[PDB]
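Q: Pasting in a structure now, in C-alpha cells, and then I'll have a few things to ask.
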Ligand SMILES: *Cc1c(COP(=O)(O)O)cnc(C)c1O
Ligand SMILES: *Cc1c(COP(=O)(O)O)cnc(C)c1O
Ligand SMILES: NCCCC[C@@H](N)C(=O)O
Ligand SMILES: NCCCC[C@@H](N)C(=O)O
C-alpha cells in the first residue's frame with residue numbers, strides 16, 4: 001500500500017495540555033473542534049479524558065461524536081446551536097452552550113427545556129466575529145438569569161491578535177470585557193493558546209487551548225514557554241521513485257523548478273490532497289532519512305519531489321518527514337502566509353497511527 | 001445543525017464526462033483519485049458506471065474501495081503498486097496497473113502471478129515525475145512482453161503544462177513520446193483534462209479526464225469547449241450572525257480587514273477546516289441570496305465573514321454560495337496562486353448531498 005501516514009503522539013498531546021494548566025492555574029477546555037484540528041477528536045479526547053476539565057468543539061455533531069464514543073467530561077459547543085431544534089439534545093447530552101447572539105437568547109427564552117442550560121455568554125470585545133457588543137452584554141446576562149432556563153453562566157470572549165506579542169489589541173479587548181462584565185457574578189473565560197502562552201496578565205477561570213495541544217506554536221518567533229511544546233503529528237512517507245537529471249530540466253507541473261545542476265530527484269508518496277501544501281516553495285525543508293533536505297518542484301495531488309543529490313545514501317524506500325518534530329508545521333505554513341492550524345486541519349486520506357494511548 | 005453543505009450534481013458530472021468522450025472520439029478513464037477530487041469516489045463512479053469506459057485512482061486502496069462498492073468497470077492504478085505484496089490482489093481484482101519504474105518491472109519479472117497483468121507502461125516524456133526515460137522505454141516494453149506475466153500493454157505519458165495553451169511543452173513531450181514508442185504495438189494514453197479540451201492534435205486511444213469531470217476549467221481564461229463544462233460541487237452555507245459596525249473596526253483574526261465605512265457584517269458557518277481557503281482575500285466573490293457579494297475579514301477555522309451592507313434584504317439565514325455555478329472554484333483558487341483541484345480536494349466535515357443519481 002502507499003507509504004504515506006500521519007503519526008499522532010498522544011503522550012505529546014497530554015504533555016501539552018498539562019503545560020497549559022500548569023502555566024495558568026486554571027481549568028482548561030481542550031479545544032478539539034474540526035476533528036481535533038485534523039488529529040482525531042475521539043482519540044485525542046480519549047487520551048485526555050482522565051485529566052481534562054472538559055472539551056470544546058464547533059457544533060453539536062462534533063459534540064455528539066464524543067458522547068457516542070463515551071466521553072463523559074464536559075463538552076462546550078463554541079458557536080452554540082444553529083437551529084433551536086437542537087436544544088432538546090443539547091440538554092439531554094449535557095452540552096455547555098455558547099450564546100453569542102440575540103436570536104439564540106430569544107430561542108432560549110421561548111424554548112421548553114427539561115433541565116436548565118449551562119450557558120457561556122459570549123462578548124464581542126473587539127474581534128467582531130460572534131458575540132454581544134459590550135453595551136448589550138449586561139442585558140443579555142440579566143435575560144438569561146431571569147429566564148429560569150439557565151443554570152450557570154460563564155462570561156466569555158475571544159482575542160483576535162494574541163499571537164502578536166507586541167500588539168496591544170489583547171489589552172484593549174480585556175479592558176472592554178472587564179468594564180462591561182463588572183459586578184456580574186460567574187466565572188470568566190478569555191484565553192486561547194497564544195494568550196495562555198504569552199499573556200500572563202490576562203485573567204481566566206477557564207482557558208481554551210487548541211493549537212498548543214498539538215505542539216505547534218502560534219507565534220512567529222521562539223518563546224520560552226511555547227518552546228516547551230511537543231509536536232503531536234508527524235506527516236511522513238517514503239521515496240517511491242528516483243531519477244537522475246541533467247541541469248536545466250523542469251520538474252513537475254508548470255516547470256516552476258528546473259534542475260540547477262546534475263541532480264538526483266526522488267518522488268515521494270504525498271501530495272496536496274493529503275494536506276501537504278501545494279504552495280510549498282522550492283527549498284522547503286523536509287527531513288530525509290533523518291537529515292535536512294529540500295523540496296524541489298511543484299507538489300502534485302498525490303506526489304511530491306525532493307532533492308536527493310546531497311543524500312548519496314538515500315533512495316528508494318527512504319523515509320521523508322513532511323512535518324513533525326524535525327520539520328515544524330508552523331514554520332512551513334508561515335512560509336506562504338498560512339498558519340499551522342490550516343495545514344493540520346487539511347489532513348486527509350492518509351492513515352493516522354496513534355501512539356501513547 | 002450547522003448549515004454548511006456541499007451539493008454534488010451527478011448530472012453535471014455525466015455531462016462533463018460525455019463532453020470529454022465526444023471531443024476526443026476516444027475511450028475515457030474517469031479520473032477519480034483522491035475521493036474523486038473531494039466529490040466522493042464511490043458515488044461519482046456509481047453515477048458514471050453505465051457509460052464509463054473505466055476509472056483511474058491513485059492507489060490500490062482507492063481501487064479496492066470501488067470494487068467493494070460493486071464497480072465492475074476497468075480500474076487503473078495510476079502509480080502502480082507501492083509494495084510487491086499488492087500484486088496478488090491487483091490480479092484478483094483485475095486492476096489495470098501502471099508500471100513507471102525499474103523496481104516495479106523487476107518485481108513483476110520475479111512475481112508468481114495467477115493471471116497475467118494489464119500494464120500501462122509509463123514514460124517520463126518531460127514532466128520528470130514518474131516513468132521511464134524515453135531511451136529506456138523500449139527495453140522496458142520488451143521486458144514486459146518477454147516476461148510472460150503481461151497481457152496487454154498500453155503506452156502512457158503525462159503532460160506538465162497542457163493548461164498553458166501558448167506553451168509548446170506539450171508538443172515537445174508528444175514528440176519525445178512518439179519517437180521513443182515508434183513501432184511498438186499497443187494503444188496509447190496521453191491526454192489529461194487540459195489536453196482533452198485544448199490540444200486536439202495530441203493523439204490518445206485512452207484519455208484521462210480528471211478536473212473537467214468536476215466542471216472546473218484548467219485554463220486561466222475562457223475557452224469555447226471548457227466554457228461548456230458544468231460545475232459539479234456547490235459549497236454553501238448560511239448567515240448565522242449579523243453585526244452593525246462603525247467604520248475603522250477590525251474584522252477577524254489579525255485585523256487584515258477594517259470596515260471601510262459603517263457596515264453590516266454577516267458571519268457564515270464555513271471555514272478553512274471545511275476546505276474554504278484561508279488565503280481568500282478581502283473582496284473575494286461570494287453569492288448571497290443569489291446576488292454577488294464579497295468576503296471581508298480573515299477566514300477562521302469554522303467561520304467566515306461577508307459584507308451585507310449593500311444587501312438590505314439579506315441577514316440571518318441568508319444562503320451563501322462559496323463556490324459553485326455562480327462562484328467559480330477555479331477563479332477563486334487562482335486568486336492566491338492555487339488551482340481548483342486543491343480546493344475541491346480539501347473538502348472536509350460538511351455533508352455531501354448528491355443529486356441526479
Ligand atoms: C478555536 C477556538 C479556541 C482555540 O484556539 P487556539 O487559538 O487554537 O488556542 C478557543 N476559543 C474559541 C472561541 C475558539 O473558537
Ligand atoms: C490526475 C491524473 C490525471 C487527471 O488529470 P487532470 O489534469 O485532472 O485531467 C490524468 N493522468 C494522470 C497520470 C494523473 O495523475
Ligand atoms: N492530476 C493533476 C493533479 C495533481 C497531480 C496528480 N497528477 C497526481 O497523481 O499526483
Ligand atoms: N481557533 C482558531 C482557529 C480559527 C478559528 C476558530 N476560532 C473558529 O472557531 O472558527
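Using N, Cα and C of the backbone, Cβ positions are placed for all residues, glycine too.
Per Swiss-Prot, the features are:
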| type | residues | note |
| --- | --- | --- |
| MOD_RES | A:33 | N6-(pyridoxal phosphate)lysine |
| ACT_SITE | A:33 | active site, proton acceptor |
| MOD_RES | A:122 | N6-carboxylysine |
| BINDING | A:129, A:301 | substrate binding site |
| ACT_SITE | A:253 | active site, proton acceptor |
Q: Between the Cα atoms of residue A:33 (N6-(pyridoxal phosphate)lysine) and residue A:301 (substrate binding site), find the distance and write it as a whole number of Å.
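A: On Cα coordinates alone, these residues lie 26 Å apart.
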Q: Does anything in the same chain, at least 6 positions from the residue listed as 'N6-carboxylysine', have a Cβ under 8 Å from its Cβ, and if so what?
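A: Listed in sequence order: A:98, A:99, A:100, A:130, A:131, A:132, A:156, A:157, A:158.
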Q: Can you grab the distance from residue A:253 (active site, proton acceptor) over to residue A:301 (substrate binding site)? Cα atoms, rounded to a whole Å.
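A: Distance between the two Cα atoms comes out at 11 Å.
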Q: Can you give me the same-chain residues 6 or more apart in sequence from residue A:129 (substrate binding site) with a CB-CB distance under 8 Å?
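A: In sequence order, A:158, A:160 meet the Cβ cut-off.
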Q: Under 8 Å Cβ to Cβ from residue A:301 (substrate binding site), same chain, six or more residues apart: give me those in sequence order, or none if nothing qualifies.
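A: Listed in sequence order, they are A:271, A:272, A:273.
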Q: Within 10 Å of the Cβ of residue A:33 (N6-(pyridoxal phosphate)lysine), how many other Cβ atoms can be counted across all chains shown?
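A: Counting Cβ neighbours of residue A:33 (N6-(pyridoxal phosphate)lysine) within 10 Å gives 25.
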Q: Helix, strand or coil: which one is residue A:33 (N6-(pyridoxal phosphate)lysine) in, per DSSP?
A: helix
Q: Let's check the environment of residue A:253 (active site, proton acceptor): how many other CB atoms sit within 10 Å of its CB?
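A: The Cβ of residue A:253 (active site, proton acceptor) has 23 Cβ neighbours within 10 Å.
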Q: Using a 6 Å cut-off on Cβ distance, which of the recorded positions A:33, A:122, A:129, A:253, A:301 come close to any atom of ligand 3?
A: A:301
